[PDB]
Each structure stands twice: as C-alpha cells, then as structure tokens.
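Q: Here you go, one structure.
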Amino acid sequence: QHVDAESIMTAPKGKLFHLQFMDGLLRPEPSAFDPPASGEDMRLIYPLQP
Amino acid sequence: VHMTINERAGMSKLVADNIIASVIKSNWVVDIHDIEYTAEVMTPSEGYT
Amino acid sequence: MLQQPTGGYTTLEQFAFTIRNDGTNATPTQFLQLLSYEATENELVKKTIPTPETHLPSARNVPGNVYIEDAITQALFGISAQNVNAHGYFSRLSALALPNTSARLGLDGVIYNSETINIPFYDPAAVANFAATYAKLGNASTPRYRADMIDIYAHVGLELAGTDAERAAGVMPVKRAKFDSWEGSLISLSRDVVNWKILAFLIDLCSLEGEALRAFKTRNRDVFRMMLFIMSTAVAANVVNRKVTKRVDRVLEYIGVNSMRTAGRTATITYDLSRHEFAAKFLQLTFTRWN
Amino acid sequence: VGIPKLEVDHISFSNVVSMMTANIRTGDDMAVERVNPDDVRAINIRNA
C-alpha cells in the first residue's frame, strides 16, 4: 500500500491510518556482473518515536 | 563543477545520462561544442510548438 | 568498574593482543620483522590534516543493547562487513559523554541502559572522554562533513615501513613490502585481529595524560603498527607471489598509495565504497589525537 | 617434522578441499556494450 504527500496534508484530525515501514536488514546484494544505476531513490517520510 | 565536454564519442548511454541527472540535483553546469541549431525568437501568445 | 590503572588500561594484561603465527601465537613486535622493504622511485609528501567538525549526532536511546565496540572492529579489519556505516548505532553511543547518564559501557564491549550487577565495566569518566571523540565518526558519511581518503594514506606508510630518519624528515620514498608466507596468511591474520577488544586501546587513548601518555605511545608503537598494516593491505593494488628455492613469498605492491580498490579479491580482504568513507574518517581521528 | 604423504610408499585415506556452489550459475554473465567510433574517415591509426 502506498499513500500520497497531498493526502498527508488533508487527512481528518482523528482518523488514524496505517503506513507501513520497510525493513531490509536481510537482503542479498547484487552479483559483480550486472547493469549499473542512475540517480535513485528519494524517501519522503520519517517516524520520530521510534 | 563547470564540466565542459568537447566531443560526445564514448558516451556510454548510462553515464551519458548520469550527467544530466546530476545537473538537476547538484547544480552542475555542463557544456557542448559540436552542436548546431537554428533557434528563433517567438511571440508571447501562440507560445511553443 | 576496575577504576583505571595508571599507565594505561592496556597494562592490565587480562586482555592483550597476539597475532597467530600459524600453529604458534606471538607478539606484534615479533611479527613485523619477517617483512623487508623495497624502495621504488616514487615519493610521497607528508600532508597536514584538516580539523574535524564538531557536530556529533544527537541523543536518541532506541532500545538495542548496541555492540558499538564490536561494530567498530568489524569494519576496519573485518572480512567483508555489511551496512557498517548505518546511522542508528552511533547516535546511541554519543549519549555516553553526557555527565550523569544511566548508561554504562560494558567491559566486554556491549552498551546498556541503566545498569547491571553481574557485569563489571569502565568507570563513567573514562568512557566520557572516549565517546566525546569517537562519536563523531558516526556521521563521517554526510556529503558536507565527509572526510578525505586519497591523502591520509601518506601517513600509513611512514608507520608501516617508516625509517627513523624518514619519520624524522617529511618525505619517504614509495616502498614495496615483502615477507615470508603460508598461503592463507593474509586472510588468516585478518580473521585473527578482529578479537583484540580494540575498544580497550581507544578508551584509554583519551584518558591518559602528559606522562602516562609519553610511556603509552612508546610501548604500544607496535599494537598500532599491526592494525595499520592489515588495513593497508586491502588498499594497495597488486599482490605478486614469488616462488624461490622451496619458499613462497607474498609481496604487497605499494604501502603508501590508495589504488582505490581490489587489492587482491582472493589473496586478501577487500574494501567496499562504504569502507573508504569509514576507515578514512577513522584514521582522521586516531592520527590527529595520536600525534 | 612429518614426512609428506608421497615418497613414503604406502596407500592411505586422507583429506581434501571442497566448496558449495555450482559456480557456473549466478543467473548472469559478463555483459558489456560497445559503442562504434562513427566515421571511418577520421579514425587515428598513427600511434606507431
């Protein structure tokens, strides 16, 4: 499920929605021979709890 | 940087892109010298095509 | 607590350091000689080091029982570490330098909230001066604060093969190390150095004073040289083996220059790109503080 | 001390060295692109 940055500014005061956070501690890295990358990911939100 | 390019010869289309992607995220000012163009002045209304 | 021994925490002897010279262990002093030095026609200049910006990450206290000491030793010497430069562990540490905090650094290297009885630690004042300086490494990665690399290595070399008239002067000719070998020796020594409790050598490098320091640097001049060599291995570019008589020999290609990658992907330990970002900002602190 | 297994003259049953992978399978292979120079007229041959 993916939400939007426009809806995070119009959500009703007392309506609690869930927004999932990604882990990624256990993920095998790519092989030595493969195509490179170009200007990648931008993340827009952060919890302050934790 | 003020990276200037004389000729686009061995421009691996991946790294030939990565320069432009860095213009919009680091204020990189790039250059080209082998390009010819005949751009012309345009009026307010009618705009671009 | 153990309070603190005057003359070092490294003069205790409970925890020391022995490289495993095959079937028999030894001392760092005893290992350095098996290596000789070949002067090549290349020269490096001892370049001055910039100051470190003071802005260690703020205090958070996520509950993790973070192994800060274990993480540090892993990246510099560890064999193919992963996610070494992630932000969460250091931020927790910086809480340590704070006067009056229920957060004690375990002797074994594990950090806690509040405390425990069954576990003895380092007195809060010894750690306070420690984390004042090594918390900074935490943010070494940031685009703005990030440290050099292609130039700190003009110091690594003087120490590893620095002749005494050379570290007396400023410039040293580019050397080429070569020593006896047992085939799996480069990885073998790197597997071994990981357990030195390198915390102990650092948590006292900030607590020792004017005289106790003069004696500390004049004795452990080896325990430092050791981790320096093992570290300088991953960096230098080409490993050539010489087959002479009935002997076999490893040559480390250039002690003083960052090739930028590989060393030997098989013959040694390798450094990722998130390693040069780390090991660099590390040496920028130990070296400055060291001298 | 300890004579090598050979040149002593008796059959025995000792140890080896192995690994885990199939080796040839990573789901990949060296993938390289090549960009052609362009014109054949202005290529430099004269490097000696």
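Chain lettering (A, B, ...) mirrors the order of the structure tokens, residue numbering begins at 1 for each chain separately, and ligand numbering begins at 1 in order of display.
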As a list in words, please: every residue in range 14-66 of chain C that a backbone DSSP assignment puts in strand (DSSP E).
A: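 Residues meeting the strand (DSSP E) criterion: residues 20, 21, 24, 25, 35, 36, 37, 38, 39, 40, 41, 42, 43 and 44 of chain C.
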Q: Save out the residues we just selected, C-alpha atoms, as a PDB file, in the first residue's frame.
A:
ATOM      1  CA  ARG C  20      48.573 -16.215  15.462  1.00  0.00           C
ATOM      2  CA  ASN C  21      51.800 -17.009  13.612  1.00  0.00           C
ATOM      3  CA  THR C  24      52.083 -20.809  17.488  1.00  0.00           C
ATOM      4  CA  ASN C  25      50.962 -17.369  18.673  1.00  0.00           C
ATOM      5  CA  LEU C  35      58.963  -8.400   6.262  1.00  0.00           C
ATOM      6  CA  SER C  36      61.578  -6.477   4.265  1.00  0.00           C
ATOM      7  CA  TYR C  37      61.276  -3.230   2.297  1.00  0.00           C
ATOM      8  CA  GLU C  38      61.957  -2.337  -1.320  1.00  0.00           C
ATOM      9  CA  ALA C  39      62.464   1.346  -2.151  1.00  0.00           C
ATOM     10  CA  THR C  40      60.989   2.270  -5.533  1.00  0.00           C
ATOM     11  CA  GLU C  41      61.359   5.547  -7.416  1.00  0.00           C
ATOM     12  CA  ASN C  42      58.169   7.155  -6.115  1.00  0.00           C
ATOM     13  CA  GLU C  43      57.781   9.834  -3.479  1.00  0.00           C
ATOM     14  CA  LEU C  44      55.076  10.944  -1.055  1.00  0.00           C
TER      15      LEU C  44
END
Q: Show me which bits of chain A are within 9 Å of chain C, counting only C-alpha atoms, as a ChimeraX atom specification.
A: /A:25,49-50
Q: Identify, on the basis of only C-alpha atoms, every residue whose closest approach to residue 19 in chain A does not exceed 9 Å; exclude the query and any residue fewer than 4 positions from it along the same chain; express the result as a list in words.
A: residues 1, 2 and 3 of chain A
Q: Could you please write out, as a PyMOL selection string, every residue of range 81-198 of chain C that DSSP assigns to alpha helix (DSSP H)?
A: chain C and resi 88-93+124-134+153-161+185-193+198
Q: Would you tabulate, counting only C-alpha atoms, all residues of chain D that have an atom at most 9 Å from an atom of chain B, showing the closest pair of atoms and their distance in Å to one decimal, sorted by chain then ascending number, as a Markdown table?
A:
| residue | atom | partner | partner_atom | distance |
| --- | --- | --- | --- | --- |
| D:33 | CA | B:12 | CA | 8.1 |
| D:34 | CA | B:12 | CA | 8.3 |
| D:35 | CA | B:10 | CA | 6.5 |
| D:36 | CA | B:10 | CA | 8.3 |
| D:37 | CA | B:9 | CA | 6.9 |
| D:38 | CA | B:9 | CA | 8.2 |
Q: Wanna dump the chain D-chain A contacts at 8 Å for me, each residue with its shortest atom pair and the distance in Å to one decimal, counting only C-alpha atoms, ordered by chain and number, as a tab-separated table?
A:
residue	atom	partner	partner_atom	distance
D:26	CA	A:31	CA	7.4
D:28	CA	A:33	CA	6.9
D:29	CA	A:33	CA	6.4
D:30	CA	A:33	CA	5.5
D:31	CA	A:34	CA	6.9
Q: Filtering to N, CA and C atoms, could you give me those residues as a PDB file, in the first residue's frame?
A:
ATOM      1  N   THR D  26      25.120 -17.997 -11.610  1.00  0.00           N
ATOM      2  CA  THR D  26      24.862 -16.827 -10.780  1.00  0.00           C
ATOM      3  C   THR D  26      23.609 -16.148 -11.334  1.00  0.00           C
ATOM      4  N   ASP D  28      23.753 -14.916 -14.297  1.00  0.00           N
ATOM      5  CA  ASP D  28      24.362 -13.810 -15.028  1.00  0.00           C
ATOM      6  C   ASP D  28      25.560 -14.237 -15.873  1.00  0.00           C
ATOM      7  N   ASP D  29      26.209 -13.239 -16.466  1.00  0.00           N
ATOM      8  CA  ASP D  29      27.462 -13.390 -17.197  1.00  0.00           C
ATOM      9  C   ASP D  29      27.943 -11.983 -17.523  1.00  0.00           C
ATOM     10  N   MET D  30      29.238 -11.830 -17.792  1.00  0.00           N
ATOM     11  CA  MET D  30      29.788 -10.526 -18.164  1.00  0.00           C
ATOM     12  C   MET D  30      29.013  -9.933 -19.340  1.00  0.00           C
ATOM     13  N   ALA D  31      28.329  -8.823 -19.073  1.00  0.00           N
ATOM     14  CA  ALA D  31      27.529  -8.134 -20.077  1.00  0.00           C
ATOM     15  C   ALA D  31      28.104  -6.754 -20.383  1.00  0.00           C
TER      16      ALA D  31
END
Q: Which distance in Å separates CA of residue 252 in chain C and CA of residue 31 in chain C, to one decimal?
A: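 These two atoms are separated by 15.7 Å.
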Q: Could you produce a table of the residues of chain A lying within 8 Å of chain B, with the nearest pair of atoms per residue and their separation in Å rounded to one decimal, using only C-alpha atoms, ordered by chain and increasing residue number, as a tab-separated table?
A:
residue	atom	partner	partner_atom	distance
A:36	CA	B:14	CA	7.9
A:37	CA	B:14	CA	7.8
A:38	CA	B:18	CA	5.7
A:39	CA	B:21	CA	6.2
Q: Please produce a file of those selected residues containing C-alpha atoms, as a CSV table (one decimal), in the first residue's frame.
A:
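Contents of part-v6.csv, freshly written:
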chain,number,residue,atom,x,y,z
A,36,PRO,CA,24.6,0.0,-13.0
A,37,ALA,CA,22.1,2.6,-11.8
A,38,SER,CA,21.3,6.3,-12.3
A,39,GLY,CA,20.1,8.9,-9.7
Q: Hey, can you check how far CA of residue 121 in chain C sits from CA of residue 65 in chain C?
A: 14.5 Å
Q: Can you list, as a ChimeraX atom specification, every protein, DNA or RNA residue that comes within 10 Å of residue 187 in chain C when you count only C-alpha atoms, leaving out same-chain residues fewer than 3 positions away?
A: /C:78-79,183-184,190-192,230,266-269
Q: Store the residues of this selection in a file with C-alpha atoms, as a PDB file, in the first residue's frame.
A:
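And here's again.pdb as it stands now:
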ATOM      1  CA  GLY C  78      36.518  -7.449   9.399  1.00  0.00           C
ATOM      2  CA  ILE C  79      36.240  -9.693   6.345  1.00  0.00           C
ATOM      3  CA  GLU C 183      49.375 -19.082   1.579  1.00  0.00           C
ATOM      4  CA  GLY C 184      46.237 -18.263   3.577  1.00  0.00           C
ATOM      5  CA  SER C 190      42.741 -10.537   9.338  1.00  0.00           C
ATOM      6  CA  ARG C 191      40.494 -13.187  10.784  1.00  0.00           C
ATOM      7  CA  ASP C 192      42.643 -13.033  13.969  1.00  0.00           C
ATOM      8  CA  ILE C 230      46.349  -5.349   7.966  1.00  0.00           C
ATOM      9  CA  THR C 266      41.060 -13.574  -3.436  1.00  0.00           C
ATOM     10  CA  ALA C 267      44.509 -13.187  -1.827  1.00  0.00           C
ATOM     11  CA  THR C 268      43.365 -10.655   0.795  1.00  0.00           C
ATOM     12  CA  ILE C 269      40.476  -8.671   2.340  1.00  0.00           C
TER      13      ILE C 269
END
Q: Could you tell me how far CA of residue 157 in chain C lies from CA of residue 248 in chain C, in Å and to one decimal?
A: 24.2 Å
Q: I'd like the neighbourhood of residue 6 in chain B as an MDAnalysis selection string, where a residue qualifies if any of its atoms comes within 9 Å (using only C-alpha atoms), though same-chain residues fewer than 2 positions away should be ignored.
A: chainID B and resid 4 8 31:34
